[PDB]
>>> print(open('target.txt').read())   # compact mmCIF, C-alpha atoms
# COMPACT_ATOMS: atom_id res chain seq x y z
CA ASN H 58 183.44 32.81 42.44
CA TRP H 59 182.21 31.88 38.96
CA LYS H 60 181.06 28.37 39.81
CA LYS H 61 177.40 27.69 39.06
CA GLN H 62 175.72 24.63 40.57
CA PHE H 63 175.26 20.87 40.29
CA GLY H 64 172.39 18.74 39.01
CA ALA H 65 169.18 19.73 40.77
CA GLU H 66 167.39 16.79 39.15
CA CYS H 67 168.28 14.71 42.20
CA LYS H 68 166.38 14.60 45.50
CA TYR H 69 168.84 15.95 48.06
CA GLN H 70 168.57 16.92 51.71
CA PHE H 71 170.40 20.03 52.87
CA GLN H 72 171.42 19.65 56.51
CA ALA H 73 173.82 21.41 58.90
CA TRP H 74 174.47 25.07 58.08
CA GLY H 75 177.72 24.85 60.03
CA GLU H 76 179.61 27.53 61.91
CA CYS H 77 180.25 30.74 60.02
CA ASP H 78 183.90 30.90 59.00
CA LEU H 79 185.19 34.22 60.29
CA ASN H 80 188.02 33.96 57.75
CA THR H 81 186.22 33.90 54.40
CA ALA H 82 183.03 35.31 55.97
CA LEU H 83 181.03 32.49 54.40
CA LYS H 84 179.09 29.46 55.60
CA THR H 85 178.90 25.97 54.11
CA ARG H 86 175.92 23.62 54.15
CA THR H 87 175.95 19.92 53.28
CA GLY H 88 173.42 18.17 51.05
CA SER H 89 172.95 14.43 51.32
CA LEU H 90 171.44 12.18 48.64
CA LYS H 91 168.48 10.13 49.85
CA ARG H 92 167.22 8.67 46.56
CA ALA H 93 168.42 8.59 42.95
CA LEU H 94 166.99 7.36 39.63
CA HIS H 95 167.96 5.11 36.71
CA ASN H 96 168.51 7.94 34.21
CA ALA H 97 170.25 9.90 36.98
CA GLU H 98 173.39 8.56 38.64
CA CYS H 99 173.90 11.37 41.23
CA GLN H 100 176.51 11.78 43.98
CA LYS H 101 175.90 10.79 47.61
CA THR H 102 176.82 14.18 49.08
CA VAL H 103 177.20 17.78 47.94
CA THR H 104 178.60 20.94 49.49
CA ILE H 105 177.44 24.53 49.04
CA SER H 106 178.89 27.71 50.54
CA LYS H 107 177.11 31.05 50.80
CA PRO H 108 177.95 34.52 52.26
CA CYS H 109 177.48 34.82 56.03
CA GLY H 110 175.30 37.85 55.31
CA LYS H 111 172.70 35.39 54.01
CA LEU H 112 172.30 36.78 50.51
CA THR H 113 170.07 35.00 48.02
CA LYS H 114 169.90 35.91 44.34
CA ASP R 132 181.72 -26.20 24.51
CA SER R 133 180.49 -22.78 25.55
CA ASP R 134 182.17 -19.71 27.02
CA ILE R 135 179.80 -17.71 29.24
CA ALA R 136 180.71 -14.28 30.59
CA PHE R 137 178.71 -12.18 33.05
CA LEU R 138 178.44 -8.41 32.86
CA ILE R 139 176.71 -6.75 35.81
CA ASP R 140 175.89 -3.05 36.16
CA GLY R 141 176.93 -1.72 39.49
CA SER R 142 176.32 1.97 38.97
CA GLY R 143 174.88 4.39 41.50
CA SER R 144 171.42 3.78 40.14
CA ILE R 145 171.83 0.19 41.28
CA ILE R 146 170.04 -0.31 44.57
CA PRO R 147 172.11 -2.56 46.93
CA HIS R 148 169.06 -4.85 47.13
CA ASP R 149 169.03 -5.57 43.40
CA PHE R 150 172.82 -5.67 43.19
CA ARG R 151 172.59 -8.45 45.75
CA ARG R 152 169.99 -10.19 43.59
CA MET R 153 172.40 -10.01 40.65
CA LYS R 154 175.07 -11.79 42.66
CA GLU R 155 172.59 -14.39 43.90
CA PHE R 156 171.34 -14.90 40.35
CA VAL R 157 174.86 -15.37 38.98
CA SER R 158 175.74 -17.84 41.74
CA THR R 159 172.55 -19.81 41.12
CA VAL R 160 173.37 -19.87 37.40
CA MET R 161 176.86 -21.19 38.11
CA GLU R 162 175.41 -23.74 40.52
CA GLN R 163 172.64 -24.78 38.11
CA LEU R 164 174.64 -24.83 34.88
CA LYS R 165 177.59 -26.52 36.56
CA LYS R 166 178.89 -28.67 33.71
CA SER R 167 182.21 -30.52 33.51
CA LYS R 168 182.96 -28.59 30.32
CA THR R 169 181.75 -25.13 31.26
CA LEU R 170 183.76 -22.22 32.63
CA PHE R 171 182.53 -18.84 33.84
CA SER R 172 183.77 -15.26 33.95
CA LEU R 173 182.39 -12.14 35.61
CA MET R 174 183.15 -8.46 35.17
CA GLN R 175 181.36 -5.65 36.97
CA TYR R 176 181.16 -2.18 35.49
CA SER R 177 180.23 1.43 36.11
CA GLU R 178 182.53 4.10 34.75
CA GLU R 179 185.35 1.66 35.37
CA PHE R 180 185.61 -2.11 34.83
CA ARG R 181 186.56 -4.74 37.37
CA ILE R 182 187.14 -8.38 36.50
CA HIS R 183 186.53 -10.57 39.55
CA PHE R 184 187.50 -13.90 38.02
CA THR R 185 188.50 -15.07 34.58
CA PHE R 186 187.86 -18.41 32.87
CA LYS R 187 191.25 -19.51 34.17
CA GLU R 188 190.60 -18.58 37.80
CA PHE R 189 187.23 -20.34 37.74
CA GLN R 190 189.09 -23.37 36.40
CA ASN R 191 191.32 -23.22 39.47
CA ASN R 192 188.58 -22.51 42.00
CA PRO R 193 185.15 -23.74 40.78
CA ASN R 194 183.36 -22.29 43.81
CA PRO R 195 180.69 -19.79 42.62
CA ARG R 196 179.67 -18.82 46.15
CA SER R 197 183.28 -18.03 47.05
CA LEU R 198 183.87 -15.89 43.95
CA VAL R 199 180.64 -13.92 44.16
CA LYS R 200 180.74 -13.34 47.93
CA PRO R 201 183.67 -10.78 47.97
CA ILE R 202 182.18 -8.93 44.98
CA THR R 203 181.52 -5.35 46.08
CA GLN R 204 179.50 -2.64 44.29
CA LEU R 205 181.58 -0.15 42.29
CA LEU R 206 178.96 2.65 42.07
CA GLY R 207 179.14 5.60 39.68
CA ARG R 208 177.85 5.99 36.12
CA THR R 209 177.03 3.46 33.39
CA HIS R 210 179.24 2.27 30.54
CA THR R 211 177.28 -0.58 28.95
CA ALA R 212 178.57 0.11 25.45
CA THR R 213 182.17 0.58 26.52
CA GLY R 214 181.73 -2.53 28.65
CA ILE R 215 180.41 -4.76 25.86
CA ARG R 216 183.36 -3.76 23.69
CA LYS R 217 185.76 -4.64 26.50
CA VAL R 218 184.05 -7.96 27.20
CA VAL R 219 184.44 -9.15 23.61
CA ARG R 220 188.11 -8.08 23.58
CA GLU R 221 189.41 -8.91 27.08
CA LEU R 222 186.95 -11.35 28.68
CA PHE R 223 186.73 -13.50 25.55
CA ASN R 224 190.50 -13.45 25.04
CA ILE R 225 192.46 -16.71 24.78
CA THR R 226 195.04 -15.31 27.21
CA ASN R 227 192.41 -14.89 29.93
CA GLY R 228 191.00 -18.35 29.37
CA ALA R 229 188.65 -18.16 26.38
CA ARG R 230 188.62 -21.28 24.23
CA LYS R 231 188.58 -21.55 20.44
CA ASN R 232 185.59 -22.99 18.50
CA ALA R 233 183.55 -22.70 21.72
CA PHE R 234 180.38 -20.62 21.58
CA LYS R 235 180.42 -17.09 23.01
CA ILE R 236 177.59 -16.14 25.35
CA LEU R 237 177.34 -12.77 27.09
CA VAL R 238 174.78 -12.13 29.82
CA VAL R 239 174.24 -8.41 30.37
CA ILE R 240 172.47 -7.27 33.52
CA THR R 241 172.21 -3.48 33.39
CA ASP R 242 170.03 -0.90 35.12
CA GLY R 243 168.45 -0.06 31.77
CA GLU R 244 169.92 3.38 31.34
CA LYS R 245 173.34 3.74 29.71
CA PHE R 246 173.95 7.30 30.95
CA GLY R 247 177.43 8.80 30.78
CA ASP R 248 178.74 6.34 28.19
CA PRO R 249 180.65 8.11 25.37
CA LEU R 250 180.18 5.09 23.12
CA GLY R 251 176.92 3.99 21.57
CA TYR R 252 175.50 0.54 20.98
CA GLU R 253 176.03 0.99 17.26
CA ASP R 254 179.75 1.17 18.04
CA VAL R 255 179.83 -2.16 19.87
CA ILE R 256 176.93 -4.31 18.63
CA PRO R 257 178.42 -4.74 15.07
CA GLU R 258 181.61 -5.88 16.82
CA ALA R 259 180.01 -8.40 19.18
CA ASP R 260 177.99 -9.84 16.29
CA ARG R 261 181.11 -10.39 14.20
CA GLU R 262 183.06 -12.22 16.92
CA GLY R 263 179.99 -14.43 17.26
CA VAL R 264 178.95 -13.34 20.73
CA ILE R 265 175.38 -14.30 21.67
CA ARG R 266 173.74 -11.68 23.90
CA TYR R 267 171.24 -12.24 26.70
CA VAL R 268 169.77 -9.29 28.57
CA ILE R 269 168.34 -9.42 32.07
CA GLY R 270 166.39 -6.32 33.07
CA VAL R 271 166.29 -5.04 36.64
CA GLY R 272 164.50 -2.23 38.46
CA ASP R 273 162.33 -0.10 36.17
CA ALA R 274 164.07 -1.30 32.98
CA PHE R 275 160.73 -2.72 31.77
CA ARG R 276 158.63 0.25 32.85
CA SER R 277 160.38 2.89 30.75
CA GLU R 278 160.39 2.94 26.94
CA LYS R 279 163.98 4.14 26.68
CA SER R 280 165.16 1.32 28.91
CA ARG R 281 163.04 -1.32 27.14
CA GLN R 282 164.38 -0.50 23.68
CA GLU R 283 167.92 -0.34 25.04
CA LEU R 284 167.59 -3.94 26.23
CA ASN R 285 166.26 -4.94 22.80
CA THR R 286 169.31 -3.31 21.22
CA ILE R 287 171.74 -5.41 23.25
CA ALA R 288 169.90 -8.72 22.97
CA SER R 289 170.45 -10.76 19.82
CA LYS R 290 167.51 -10.89 17.42
CA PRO R 291 164.87 -11.78 18.04
CA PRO R 292 165.18 -9.54 21.15
CA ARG R 293 161.90 -10.85 22.59
CA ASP R 294 163.40 -14.31 22.96
CA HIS R 295 166.59 -12.87 24.46
CA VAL R 296 165.29 -10.37 27.02
CA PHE R 297 164.24 -11.68 30.42
CA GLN R 298 163.32 -10.20 33.78
CA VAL R 299 165.63 -10.52 36.80
CA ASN R 300 162.59 -11.51 38.84
CA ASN R 301 161.72 -14.22 36.33
CA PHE R 302 162.96 -17.45 37.86
CA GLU R 303 161.60 -19.50 34.95
CA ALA R 304 163.89 -17.52 32.64
CA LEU R 305 166.85 -19.68 33.67
CA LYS R 306 165.12 -22.84 32.45
CA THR R 307 164.16 -20.95 29.30
CA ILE R 308 167.70 -19.80 28.50
CA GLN R 309 169.07 -23.25 29.32
CA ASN R 310 166.50 -24.57 26.84
CA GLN R 311 167.55 -22.28 23.97
CA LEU R 312 171.17 -23.10 24.85
CA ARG R 313 170.48 -26.52 23.35
CA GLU R 314 169.59 -25.12 19.94
CA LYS R 315 172.74 -22.96 19.93
>>> encode(input="target.txt", output="structure tokens")
Amino acid sequence: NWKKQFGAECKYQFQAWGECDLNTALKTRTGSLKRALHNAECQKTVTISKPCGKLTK
Amino acid sequence: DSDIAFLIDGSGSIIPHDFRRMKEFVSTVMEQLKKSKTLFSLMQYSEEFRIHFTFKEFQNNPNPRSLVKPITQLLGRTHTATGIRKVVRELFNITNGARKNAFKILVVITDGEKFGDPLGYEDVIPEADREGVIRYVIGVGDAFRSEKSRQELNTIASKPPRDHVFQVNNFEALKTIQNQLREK
């Protein structure tokens, strides 16, 4: 995967790590928007998937 | 004698509470300035543009409360510049219901931040000024707390901007605008 990330300038809430997909060997977490700004029209929900091995770089 | 069009920002930065206030404000304006020779038009915008009722439709159903009630929030980004250009070309078009010789008045109620708009104000203001479109800006949220938002409002409002920029929470503003509308 060569996809980076979204705008972190928005106050999100990452909830539900979800079940680990035994197919791709990854896990997806959902981030929900709780408050935005005037000079920042952000999305209501975001999705992020990471390796089931829990690697952070 | 006058053609008034409403442009309301319904982006994601628009809190449902204030969006509601916009609708209430518009309805009150249409209920207060209800003249036998006065039509109204309203178009909401974000990244897209949705006309809810033209001058013709309002001429068929002169019920402000019934035209503003079904108005839902679009959400998304802001296209104030692109919107202004569209308003002076589509909203104020004879085919939609715009009249000739009648004065053009555009009330812009934006969040204050035109983010995501590929067009600038310099690309639409010289156009709106040529077609003879008077601009009135109503600031909401933090539009008067930030410098960038304040100046933006002063760039949309016809000069002098001070006498053409009012607060959405300013109830006396309606009587003020209605006053200047006499010295058109």
>>> residues_around(input="target.txt", residues="residue 110 (chain H)", least_positions_apart="2", cutoff="9 Å", atoms="all atoms listed in the file", output="list in words")
residues 82, 83, 107, 108 and 112 of chain H
>>> atom_distance(input="target.txt", atom1="CA of residue 174 (chain R)", atom2="CA of residue 291 (chain R)")
25.3 Å
>>> closest_residue(input="target.txt", among="H:62, H:72, H:113, H:100", to="residue 85 (chain H)", atoms="all atoms listed in the file")
H:72
>>> interface_residues(input="target.txt", of="chain R", to="chain H", cutoff="7 Å", atoms="all atoms listed in the file", output="list in words")
residues 143, 144, 207, 208, 242, 244 and 246 of chain R
>>> atom_distance(input="target.txt", atom1="CA of residue 134 (chain R)", atom2="CA of residue 315 (chain R)")
12.2 Å
>>> atom_distance(input="target.txt", atom1="CA of residue 270 (chain R)", atom2="CA of residue 155 (chain R)")
14.9 Å
>>> closest_residue(input="target.txt", among="R:214, R:200, R:299, R:165", to="residue 181 (chain R)", atoms="all atoms listed in the file")
R:214
>>> residues_near_point(input="target.txt", point="(171.7, 0.2, 51.1)", cutoff="12 Å", atoms="all atoms listed in the file", output="ChimeraX atom specification")
/H:91-92,101 /R:143-151,204,206
>>> write_last_selection(input="target.txt", atoms="C-alpha atoms", output="mmCIF file, in the coordinates of the input")
data_model
loop_
_atom_site.group_PDB
_atom_site.id
_atom_site.type_symbol
_atom_site.label_atom_id
_atom_site.label_comp_id
_atom_site.auth_asym_id
_atom_site.auth_seq_id
_atom_site.Cartn_x
_atom_site.Cartn_y
_atom_site.Cartn_z
ATOM 1 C CA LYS H 91 168.480 10.130 49.850
ATOM 2 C CA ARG H 92 167.220 8.670 46.560
ATOM 3 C CA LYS H 101 175.900 10.790 47.610
ATOM 4 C CA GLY R 143 174.880 4.390 41.500
ATOM 5 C CA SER R 144 171.420 3.780 40.140
ATOM 6 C CA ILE R 145 171.830 0.190 41.280
ATOM 7 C CA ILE R 146 170.040 -0.310 44.570
ATOM 8 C CA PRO R 147 172.110 -2.560 46.930
ATOM 9 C CA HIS R 148 169.060 -4.850 47.130
ATOM 10 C CA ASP R 149 169.030 -5.570 43.400
ATOM 11 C CA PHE R 150 172.820 -5.670 43.190
ATOM 12 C CA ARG R 151 172.590 -8.450 45.750
ATOM 13 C CA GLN R 204 179.500 -2.640 44.290
ATOM 14 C CA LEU R 206 178.960 2.650 42.070
#
>>> residues_around(input="target.txt", residues="residue 249 (chain R)", least_positions_apart="2", cutoff="9 Å", atoms="only C-alpha atoms", output="list in words")
residues 210, 212, 213, 246, 247 and 251 of chain R
>>> residues_near_point(input="target.txt", point="(172.0, -13.2, 38.5)", cutoff="12 Å", atoms="all atoms listed in the file", output="ChimeraX atom specification")
/R:136-140,149-163,173,195,199,238-241,267-271,297-302,304-305
>>> closest_residue(input="target.txt", among="R:308, R:166, R:282, R:256", to="residue 219 (chain R)", atoms="all atoms listed in the file")
R:256
